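Just the one chain here, the form deposited in one PDB entry, laid out as structure tokens.
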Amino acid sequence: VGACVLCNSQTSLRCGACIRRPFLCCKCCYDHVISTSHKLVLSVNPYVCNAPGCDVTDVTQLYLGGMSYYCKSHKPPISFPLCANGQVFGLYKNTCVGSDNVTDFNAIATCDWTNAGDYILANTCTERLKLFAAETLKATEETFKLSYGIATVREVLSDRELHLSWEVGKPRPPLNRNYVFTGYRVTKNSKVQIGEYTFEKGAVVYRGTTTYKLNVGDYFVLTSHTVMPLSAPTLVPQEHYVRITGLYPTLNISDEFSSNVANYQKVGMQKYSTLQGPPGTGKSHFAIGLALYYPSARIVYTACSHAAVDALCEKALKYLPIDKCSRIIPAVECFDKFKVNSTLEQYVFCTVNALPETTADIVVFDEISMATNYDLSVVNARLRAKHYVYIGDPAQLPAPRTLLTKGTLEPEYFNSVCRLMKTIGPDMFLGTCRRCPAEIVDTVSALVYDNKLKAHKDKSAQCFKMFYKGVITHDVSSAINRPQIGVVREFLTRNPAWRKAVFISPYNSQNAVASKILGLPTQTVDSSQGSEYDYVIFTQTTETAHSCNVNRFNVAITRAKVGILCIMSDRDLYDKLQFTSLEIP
């Protein structure tokens, strides 16, 4: 028994073809089964024919005869059909309201999540369907990981290098950081974990969580977890107040945080607030400063990634009493300078998926572009707070969508929070970039921030752009542009100071080739998000939707503190770069 995800109507029916098995009311369960291929219906029991060796599960072909269920062929003389009168049969038959359209729930229940349209709907549908879609997608995501073949260590060529043998008649996952494996040792009568791992083409390179002397017969699977059901909404109901509520501002504040005093008062004057923090505008400075402005306030700092939480811990270590901070870790190497797993500490730093059930004066949820509606609901379900602050930049990168192939996902569709920030705008905006030379601020201000991002620094005069298509080669799941690496190699012979540069590209294989030929440290745009370097060399590599995604480009070129060389493929973004042009040698 439970609640009808379309009506709320109390019901004893869940669709058994739906991977989540959502409770549906007589009217909603019926309208669902007759308009789609879903025909298995679950109650206190499953509406299946209880006859001996009969394979009827379709609820439109089944009858209640006695207190058992039968098809047409096996039914007793006295029966009624399970599924007639525009309704399906269970408990609470007389309480049931229905819907004028069931169209959105059917599409959510039946899509394979390969089309952008599927994510657009999951983000514009009613709130209760946002949860259903968030669960349904995540389960589809964790199941798709099972479809991948096991990889087995056939030979240990060296340290940090292997020869893999792959399961037959199953696809092989891409070998990039977005696919984290889990090793396993071959025991008497089972298997035991041996750290998480990643792989990249050579034989294969492997960068594992822990070090070992792993040997033949050891194997690797992408560990998938149980997806729990969602109760709480993605955003609580908004409330605007006329005074600061439940929070007592400080009388003395330092000139370090004085620029955020207006913004921190806004935080106290509404239930939830969005802060768009572009690159190097001071998001974590803002987050920690909130603690100093409201000194007695209990604050849970949360983000999706360990990295994101740890960076909040680093900043907190510089400004807040260590004895008042705690890092929550579930029983990967993260921050270890606070007492571990102390829920009742004033300042609690913890990933979304590890949150305890607790209350707080303020909740800060950082790197919000990376959040899914699933994460949004979980936080609302674990944390009951006087105030909620969402910090991020919908102009930066989202959580990768492993199933998406048709269409681009626009930032207004990354999650409920990014949708608000792109439709009504963000409550607060950090308008001054401290990190990047002016040529780079001017470029991304126009490109994705509506000319509202201002440069601290001056022109560096060390921002260059070269238009060079070169030659694109493809391997199993990535792109390589060797002539673009060549152009960079020639550039470093004539400009050897740039040998301190980080190499960035949109492709892990480009990076692996660039690492051999150049010896620069390498990052995917996607791994570079939240890091800064004095000097950045960027090869676009292709003109795909992937290498031209304006959020990706935004992150690529805002990594640079001093200078950047951009070797471009796309005539569009090249022409948008407010950088010095260089001829091809």
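Don't overthink the numbering: it's just position in the shown sequence, from 1.
Participant: Is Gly202 unresolved, in the sense of carrying no coordinates, in at least a third of the other compared entries?
Facilitator: Across the other compared entries, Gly202 is absent from at least a third.
Participant: Counting the other entries of this protein, is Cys96 left out in at least a third of them?
Facilitator: Across the other compared entries, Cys96 is absent from at least a third.
Participant: Does the chain run continuously from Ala331 to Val332, or are deposited residues unmodelled in between? Answer none, 1 to 3, 4 to 9, or 10 or more.
Facilitator: Gap size class: 1 to 3 residues without coordinates, per the record.
Participant: Please classify the coordinate gap between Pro237 and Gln238 in terms of deposited residues: none, 1 to 3, 4 to 9, or 10 or more.
Facilitator: Gap between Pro237 and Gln238: none.
Participant: With reference to the PDB entry, specify whether the mean Cα temperature factor is higher for 42-50 or for 516-524.
Facilitator: Per the PDB entry, the higher value belongs to 42-50.
Participant: Comparing 321-329 with 262-270, which has the greater mean CA B-factor as deposited?
Facilitator: Here the higher of the two C-alpha B-factor means belongs to 321-329.
Participant: Kindly indicate the residue among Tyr69, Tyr535, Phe553, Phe538 with the greatest C-alpha B-factor in the PDB record.
Facilitator: Checking the PDB record, the top C-alpha B-factor among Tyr69, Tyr535, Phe553, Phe538 is at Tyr69.
Participant: Can you tell me which of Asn495, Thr281, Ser284, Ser165 has the maximum CA B-factor listed in the PDB entry?
Facilitator: Going by the entry's C-alpha B-factors, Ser165 comes out highest.
Participant: Taking the entry's C-alpha B-factors for this chain, is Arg559 in the lowest, middle or highest third?
Facilitator: Tercile = lowest for this residue's CA B-factor.
Participant: For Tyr301, does the deposited CA B-factor place it in the lowest, middle or highest third of the chain?
Facilitator: Lowest third, going by the recorded CA B-factors of the chain.
Participant: Using the temperature factors of the C-alpha atoms in this entry, rank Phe429 within its chain: lowest, middle or highest third.
Facilitator: Within its chain, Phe429 is a lowest-third residue by C-alpha B-factor, going by the deposited values.
Participant: Mind checking which third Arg20 falls in for C-alpha B-factor across the chain?
Facilitator: Middle third - that is where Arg20 ends up once the chain's C-alpha B-factors are sorted.
Participant: By its CA B factor, does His32 count among the lowest, middle or highest third of the modelled residues in the chain?
Facilitator: It belongs to the middle third of the chain when residues are ordered by C-alpha B-factor.
The same protein has a further form, the form deposited in another entry, not shown here; the description that follows concerns it.
Participant: Where the C-alphas stop fitting one rigid part and start fitting the other between the shown form and the other one, you find the hinge. Which of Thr103, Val56, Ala232, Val476 is it?
Facilitator: It is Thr103 that sits at the hinge.
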